[PDB]
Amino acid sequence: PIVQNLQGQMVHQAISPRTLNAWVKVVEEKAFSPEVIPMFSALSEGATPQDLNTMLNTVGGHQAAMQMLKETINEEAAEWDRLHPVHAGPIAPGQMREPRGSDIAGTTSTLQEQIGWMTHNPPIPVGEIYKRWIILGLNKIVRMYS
């Protein structure tokens, strides 16, 4: 997650192993029932896309469901690109390239670029946007679990 330090700014902290474990335990007991969606959203506040993928990659089993999810995230990434055409550069010092779909999902962006977007002013909230995609994906795969 991104958090504020004693001096004012937002800075990166690593995901808590206890958060991860809570998530793991919710899935073991509940599978992908509806009630997991609000759990995920609560447990992922301020998460970077790398944090979000750690949470998803800890789920054991539910392989059908996880592929469904990935396919939904992939649709949203493609639609983001369709609606945000790339603008030719050069990149000014202090600036960052504009995130693509793949970047927001963490596939092509490093943790430092993610921190870079999430802490810019004005912020490009790649964490919040990816989480939205994931939550849509969860709202689809929970059909298999009523």
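Sequential numbering from 1, following the sequence displayed.
Remark: stretch with higher mean C-alpha B factor among 100-108 and 59-67 is 59-67.
Taking only CA atoms, the mean B-factor in the PDB entry is higher for 111-119 than for the other of 111-119 and 74-82. In the PDB entry, a CA B factor belonging to the lowest third of its chain's modelled residues is recorded for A88.
The deposited CA B-factor of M39 belongs to the middle third of values across its chain.
Among all modelled residues in this chain, the alpha-carbon of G46 has a temperature factor (C-alpha) in the middle third. For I129, the recorded CA B-factor ranks within the lowest third of the chain. Only modelled residues enter the ranking. Ranked by C-alpha B-factor against the other modelled residues of its chain, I135 falls in the lowest third.
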